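Chains as they are written, first to last, in the entry's author numbering: chain B, 1 to 162, 171 to 275; chain A, 966 to 1307, 1319 to 1358; chain D, 201 to 250; chain E, 5 to 176; chain C, 149 to 197.
One structure below.
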Ligand SMILES: Nc1nc2c(ncn2[C@@H]2O[C@H](COP(=O)(O)OP(=O)(O)OP(=O)(O)O)[C@@H](O)[C@H]2O)c(=O)[nH]1
Ligand SMILES: [Mg+2]
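Okay, structure coming up:
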């Protein structure tokens, strides 16, 4: 009938393993081929836009926190593309779960060849690594790609990856089984969502980079990674007495570090 | 899997005999709707006179010393066009043609103390922007208490009562027609909107997008929309003219079952009788569904959907010519056509003398029918 | 070819903006006509009730 | 039951653009169209067939092949008696992903669900990249039946469903 | 051009329903007066009986 409802989770500061991000497929069309621009810039004909229907794009994944990069960007391994951009590659990020603060993001940039020794950004997308209540993102996510720009790692990001937006979530919930199934009704409703989707395909030149996050499994359980800090349970033993000690001093019984620095330099 | 069509279904094999137990004349003008509290303790009527009157169902049963409305509310203003109890007898929502939607708190009262109405959250609709409310249904979405309502300017708004926000809003295509009535799925999965031009348009409430719009072949106004107690994809429409209560599969838009109580030949789009069914009560009962209709012709009919030949008229004197009921197949649709059969003074007719605007049933000890008329008369039938 | 393209592009844009204007007009018509219908439907039953 | 003897739920899975929709339409409606409208969510069509004297109602389900509309968990495999894994014979990546699709079948479908590897677009002989031998050896290693179908010119589409229906019936 | 004619026709239907409803209101009001006259004759006759 069904396994139980227990919610299992691990603290992010307890999961000392590298974060891994799957770069799935890049759906959508590119910015056509504006031949006006090529007459102005002949180097532009020697660029992935104009050489193949699917240039061999690559993605760089970098983690940012407080607008600063936590480590170097990781690049997808070369994959030759012909009719679709499908890297299908798990990227081991240089950051571990304990290393990630609550506002850690991954800035993902799709890059293309622009003449010799020059990559142009096809687009960029940034998604926060923790959810609205501090749970590491799980499973398959489709991120809005911002054309002709690198992913922005600043806080707040200017390239967030997160009608069809709402419906896709409901569709994913339906496919996972969280939405109730009604065959007569699902058959009719999804045709409309398809019409909406096709209209959005024609209306806008949007691209989506589908990515996936790893699932933490142990004994066939599913653990969500919730953001925590070690000692996060240490509710400080604050007490409101001031009978004798009216003026607390935090440095009270502490090594004088300016004298020890001096000791270490004179003696 | 476990949605109940009614909280208190009628007694097994219940066939209302039609004895008048309460003639209640307390509104100045037409009553528009009767809603029965989900536990059936109370029933409420709204009226063009601008009042809401709450009635104690428990006090119609064999102790009718004074059949009085326990409560009257008249502060909303305008013509109170629709109302609904909110799954528990503590809240009753009413709407006016002025634009006000008001939640009213009915207080349970021990007879030593008198009862009262206290208004709770009120909403006023701009006549230009949203119009007045034309239909309103309450349902409990587990988490929420959605008071869904439809407005003249095509918006079918889901108002959460335990908050003050909307759970959803559905902008109905007014090209289809004016919303006259709408029905919500017992499983809270889909709704159907009936318009003034006969369009019945379906919405998926899980995704909140429209999925179907079948129109009546004659473009006859939809006076009532009820979901089918048996078929999830079906909706029962009460139509303008012929006392037509047709059943429509919303998965295909086909007519499946029609009630025809008219001089016109069945399903004929030529000359409709002026009469219409204004209120419908359907129950699954013991798996043999029934349907009570009332309307313009002032006749309360009982249609045995499983055994149409047993269909009969509840209200209406025996001096009026008797009727017979025939199940036929016209286009392929099965039709239960009604055909006319060619102590002091006469006992006073107990029936309604003006258009019966609505039908409701409640269970206290036995089954009772409540019908209201366009003159403000509410009648309880044991 | 560039100049007359801009001319036809502007012609299409100007005419389609008018279609949107008449769509906005019908929208208001639908709103206004629906309230007339609602009032006529209540008068229809009030004439019957009288 | 006088309407049918068995009701088999068939599921069509595969990458986007392999022809899962076109195979469904070619079987249930006997139609083909080049207008691509990516399937979102779930669709199904019903065709009743005669097989070994029995009346079998086939409810064939068509699913989203695009990753954008897919998830890790999948409810659609539940209750399916047979699953068609469609790949485009002109698209090597689609064939490679059959392994991925079979893992989804193994973890989400029934333990004894029936399987069928279908290489659609066999009418594109000039663009074919996946040879019949390469796919037949792959399918035979797993024991799943394999056909090369074409929704465009109806090639072998009927027999692919007749095979599935027959194999499920042999299982019941 | 079709939207123009649609606006023309729809402008007439608005005017038509507006004047039709006035006739309905006049008729309904006129018959309510007559209805009140019926009720008072009936009340005088009932009282007379
Ligand atoms: N030549 C050829 N083209 C085909 C055939 N079947 C499908 N196609 C083409 O490929 C396109 C994609 O087919 P679909 O049936 O929509 O593919 P799909 O598997 O449903 O893709 P999704 O619905 O996104 O999962 C169609 O629009 C056709 O143009 C075929 O048998 N032969
Ligand atoms: Mg498809």
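Don't be surprised by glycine CBs; every beta carbon is placed ideally from N, CA and C.
With DSSP collapsed to three states, give me the class of residue i.
| i | result |
| --- | --- |
| residue 201 of chain D | coil |
| residue 1068 of chain A | strand |
| residue 1097 of chain A | coil |
| residue 970 of chain A | coil |
| residue 4 of chain E | This structure cannot settle anything about residue 4 of chain E, because the visible part of chain E is limited to 5 through 176. |
| residue 1200 of chain A | strand |
| residue 1151 of chain A | coil |
| residue 1229 of chain A | coil |
| residue 979 of chain A | coil |
| residue 184 of chain C | helix |
| residue 1358 of chain A | coil |
Among the options, which residue has its Cα nearest to the Cα of residue i?
| i | options | result |
| --- | --- | --- |
| residue 86 of chain B | E:87, E:86, E:97 and E:91 | E:97 |
| residue 1090 of chain A | A:1064, A:1069, A:1223 and A:1108 | A:1064 |
| residue 969 of chain A | A:1046, A:1052 and A:1047 | A:1052 |
| residue 98 of chain B | B:135, B:49 and B:15 | B:15 |
| residue 1268 of chain A | A:1261, A:1277, A:1039 and A:1190 | A:1277 |
| residue 1240 of chain A | A:1188, A:1291 and A:1248 | A:1188 |
| residue 32 of chain E | E:171, E:101 and E:162 | E:162 |
| residue 215 of chain B | B:34, B:147 and B:270 | B:147 |
| residue 82 of chain E | E:54, E:49, E:117 and E:151 | E:117 |
| residue 35 of chain B | B:26, B:49 and B:60 | B:49 |
| residue 200 of chain B | B:175, B:119 and B:115 | B:175 |
| residue 185 of chain B | E:100, E:119, E:110 and E:78 | E:78 |
Residues in the same chain with beta-carbon distance under 8 Å from residue i, minus the five sequence neighbours each way, listed in chain order, please.
| i | result |
| --- | --- |
| residue 18 of chain B | 92, 93, 94, 95 and 96 |
| residue 989 of chain A | 1020, 1032, 1034, 1353, 1354, 1355 and 1356 |
| residue 1106 of chain A | 1132 and 1153 |
| residue 46 of chain E | 65, 66, 67, 68 and 80 |
| residue 1138 of chain A | 1119, 1166, 1175 and 1178 |
| residue 131 of chain B | 137 |
| residue 1294 of chain A | 1300 |
| residue 187 of chain E | For residue 187 of chain E there is no data in the structure shown, the boundaries of chain E being 5 and 176. |
Closer than 7 Å by C-beta to residue i: which residues in its own chain qualify, once you throw out the five before and the five after it? Chain order, please.
| i | result |
| --- | --- |
| residue 16 of chain E | 24, 27, 28, 64, 65, 66, 67, 88 and 90 |
| residue 131 of chain E | 94 |
| residue 1044 of chain A | 1013, 1015, 1061 and 1062 |
| residue 152 of chain B | 107, 124, 126, 158 and 159 |
| residue 134 of chain B | 102, 234 and 235 |
| residue 1254 of chain A | 1194, 1195, 1247, 1248, 1270 and 1271 |
| residue 1038 of chain A | 1016, 1017, 1069 and 1082 |
| residue 1171 of chain A | 1154 |
For residue i, which residues of its own chain have a beta-carbon under 6 Å away from its beta-carbon, when the five flanking residues on both sides are left out?
| i | result |
| --- | --- |
| residue 1113 of chain A | 1102 and 1123 |
| residue 1085 of chain A | 1068 and 1070 |
| residue 1142 of chain A | 1160, 1161, 1162 and 1164 |
| residue 998 of chain A | 1011, 1047, 1048 and 1334 |
| residue 1348 of chain A | 996, 999, 1010, 1333, 1334 and 1354 |
| residue 1345 of chain A | 981, 1337 and 1357 |
| residue 983 of chain A | 1279, 1280 and 1357 |
| residue 102 of chain E | 89 and 91 |
| residue 1184 of chain A | 1162 and 1163 |
| residue 222 of chain B | 20 |
| residue 114 of chain B | 47 and 120 |
Using a beta-carbon distance cut-off of less than 7 Å, what residues from the stretch 199–214 of chain B approach chain E?
-> 201, 202, 205 and 206
Jot down the residue ranges of each uninterrupted beta strand (DSSP E) in the stretch 38–62 of chain E, minimum 3 residues, whole runs only, in chain order.
-> 46–55
Contacting positions in the stretch 234–248 of chain D - beta carbon closer than 9 Å to chain C | 236, 237, 239, 240, 243, 244, 246 and 247
Determine which residues of the stretch 1239–1273 of chain A have a Cβ less than 8 Å from any Cβ of chain D, and write them out in chain order.
-> 1239 and 1261
Contact list for the stretch 223–234 of chain D against chain C, Cβ threshold 7 Å = 225, 226, 229, 232 and 233
Residues in the stretch 1148–1174 of chain A with C-beta within 7 Å of chain B's C-beta atoms, listed in sequence order?
-> 1154, 1155, 1169, 1171, 1172 and 1174
At what residue ranges does the stretch 124–161 of chain E contain a whole run of the beta strand (DSSP E), taking only runs of 3 or more?
-> 150–152
Near-chain A residues of the stretch 184–196 of chain B (beta-carbon distance less than 8 Å), N- to C-terminal order | 187, 188, 190, 192, 193 and 196
Name, going along the chain, the residues of the stretch 153–171 of chain C whose beta-carbon falls closer than 9 Å to a beta-carbon of chain D.
-> 154, 155, 158, 159, 161, 162, 165, 166, 168 and 169
Short-range partners of chain D found in the stretch 1107–1130 of chain A, where Cβ spacing is below 9 Å = 1117, 1118 and 1119
Select from the stretch 35–60 of chain E all residues with a C-beta closer than 8 Å to any C-beta belonging to chain B, and list them in chain order.
-> 41, 42, 43, 44, 45, 46, 47 and 48
Interfacial residues, the stretch 61–83 of chain E to chain B, with Cβ spacing under 9 Å | 63, 67, 68, 70, 71, 72, 73, 74, 75, 76, 77, 78, 79, 80 and 82
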